[PDB]
Amino acid sequence: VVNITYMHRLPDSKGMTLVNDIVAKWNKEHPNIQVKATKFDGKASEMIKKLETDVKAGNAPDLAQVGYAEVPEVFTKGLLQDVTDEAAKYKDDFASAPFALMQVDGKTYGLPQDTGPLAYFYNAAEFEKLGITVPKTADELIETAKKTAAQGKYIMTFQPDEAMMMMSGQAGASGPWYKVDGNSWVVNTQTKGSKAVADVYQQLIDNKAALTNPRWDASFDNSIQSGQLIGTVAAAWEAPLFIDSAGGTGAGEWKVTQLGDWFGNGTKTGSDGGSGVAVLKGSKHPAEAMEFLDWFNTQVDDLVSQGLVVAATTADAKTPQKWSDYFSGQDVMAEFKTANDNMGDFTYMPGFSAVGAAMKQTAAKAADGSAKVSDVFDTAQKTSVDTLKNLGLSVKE
Ligand SMILES: CC(=O)N[C@H]1[C@H](O[C@H]2[C@@H](O)[C@@H](CO)O[C@@H](O[C@H]3[C@H](O)[C@@H](O)[C@H](O)O[C@@H]3CO)[C@@H]2O)O[C@H](CO)[C@@H](O)[C@@H]1O[C@@H]1O[C@H](CO)[C@H](O)[C@H](O)[C@H]1O
Ligand SMILES: [Zn+2]
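Heads up: take any position in the sequence shown, counting from 1, add 41, and you land on the authors' numbering.
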């Protein structure tokens, strides 16, 4: 018998198949590989800090959820165990792009779990009532946003507490910020996409035509339940969280579509989260941990219940009934799978955490008019370069 520990930050909310109930099915069938999964008791950004303290203390879990944007960071801090041959055994159970994001320098450190493509959530019934359509161009988007804002309804958000992924994702839909050239990281967060995103959100904020409530504040939930928020860009895994936040408002009326051609992106979209599960330094059971993890990550209907757009290609889960009930009977998982397939490549630098922390601060100022949306991307540039220099890494800008 071997005992495995798995630390995760899956929501485990009402209506979901709880992680402990998924693990229970494994534990009944595999007496020699016994798993205990624990939900991290803290906000998402504190989890890799806990993994670092745990690995230093010599008491880390075997397995831990690591965002794709976090892999380079935990790799650089020496937190990962090479499981290349174990991962190769399970490669055909997963999509190639997310599997590649669990790799550094031809070595694999775990299995991918989900992807986080950005899409557009909107009240389709309300759009039809108000005489509007999903805007096809940035200029149409701004004109339509001003028209709804005149009657106290909003078709866009600017979420200062989600600046890291909302600004990097909408900008990143049209090209990378970070590249590797020989020995160095090459940093440019002021791309054509960054300029386009700043221009669009600057016009929306100048015209009081996007809601600036932080995503994780009660004001965001109140905006949905009160009927004020009738459209927003959103990460695909927000679907169940958004439904719960709505408190029944819009049930049977909403739909999902692709991110529009608003930021010079055409039919492409960006990445907002999405994670794998890494094998940590000091794990005494990588082979058994990876056997369990391949099984876990291919429990497609249970993982979709948690809001995951799964990396697994072993089976296809139907849109959960809870989601299609909310979203007008729409097959929203088909829209999420299309969005995933249109997600532009976007390599993350080690220390992207620190870049997000600084971007959040500037975005609060852009939201209240004390800074420009473009300053968020300048903050990203300077904090990107300073973070790389502080990690002792070679950086060019
Ligand atoms: C990319 C990611 O992990 N997204 C999480 C999301 O994490 C953000 C939130 O916790 C907000 C709360 O304000 O904080 C952000 O971190 C800020 C931090 O607050 C600042 O103190 C610091 O200064 O800057 C950091 C940046 O380092 C977090 O980025 O939280 C949501 C809600 O809990 C998570 O759902 C989301 O992760 C995704 O969860 C899905 C399951 O619901 C999937 O597992 C998916 O793969 C995850 O990406
Ligand atoms: Zn500089």
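Ideal Cβ placement from N, Cα and C applies to all residues, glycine included.
Annotation for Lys84 indicates a beta carbon within 8 Å of some heavy atom of ligand 1. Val227 has its CB no nearer than 8 Å to any heavy atom of ligand 2.
Contact check for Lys194 against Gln266 fails: the beta carbons are separated by 9 Å or more. Annotation note: the region 103-139 contains the following uninterrupted alpha helix (DSSP H) runs of length 4 or greater, listed N- to C-terminal: 112-117, 125-131.
Sequence-distant partners of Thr428 (beyond 5 residues in either direction) whose C-beta falls short of 7 Å from its own C-beta, in its chain, are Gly392, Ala395, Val396. Assignment of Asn224 by DSSP, reduced to helix, strand and coil, places it in the coil class. Taking the Cα positions, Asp419 is about 27 Å away from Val107. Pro139 places its beta carbon less than 9 Å from that of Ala352. For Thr46, the enclosing beta strand (DSSP E) starts and ends at 43-49.
Distance from the CA of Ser54 to the CA of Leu282, rounded to the nearest whole angstrom, comes to 9 Å. Taken in chain order, the unbroken stretches of beta strand (DSSP E) that lie wholly in the region 204-256 and span 3 residues or more are 219-222, 225-228. Just so you know, the alpha carbons of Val228 and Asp416 end up roughly 16 Å apart. Here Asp366 is exposed, its C-beta having fewer than 16 other C-beta atoms within 10 Å. About 20 Å separates the Cβ atoms of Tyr163 and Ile246, ruling out a contact at the 8 Å cut-off. Counting C-beta pairs with one atom in each stretch, the region 153-167 and the region 370-386 have three or more that are closer than 8 Å, which means they touch. Looking at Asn61, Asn224, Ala136, the one whose alpha-carbon comes closest to that of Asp382 is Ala136.
In this structure, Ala250 keeps its C-beta atom at 9 Å or more from the C-beta atom of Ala204. In the three-state scheme derived from DSSP, where H, G and I count as helix and E and B as strand, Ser312 is classed as strand. Per DSSP, the continuous alpha helix (DSSP H) segment holding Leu344 begins and ends at 341-346. Within a 10 Å sphere around the beta-carbon of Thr125 sit fewer than 16 other beta-carbons, which makes this residue exposed.
Secondary structure at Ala280: helix, using DSSP grouped into helix, strand and coil.
Using a C-beta cut-off of 8 Å, the region 161-181 makes no contact with the region 331-346, since fewer than three inter-stretch Cβ pairs fall below that distance.
With at least 16 other beta carbons inside 10 angstroms of its own, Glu114 counts as buried.
For the pair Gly291 and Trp364, the Cα-to-Cα distance works out to about 12 Å. A direct Cα-to-Cα measurement between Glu87 and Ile74 gives close to 29 Å. Residue pairing from DSSP places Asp155 in a beta bridge opposite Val351. When the beta-carbon positions are compared, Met48 and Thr94 stay at least 9 Å from each other.
Contact annotation: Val241 and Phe168 have beta-carbon atoms that are not nearer than 9 Å. If you draw a 10 Å sphere on the C-beta of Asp262, you find 16 or more other C-beta atoms in it, and that means buried. Sixteen is the threshold: when 16 or more other Cβ atoms of the shown chains lie within 10 Å of the Cβ of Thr273, as they do, the residue is buried.
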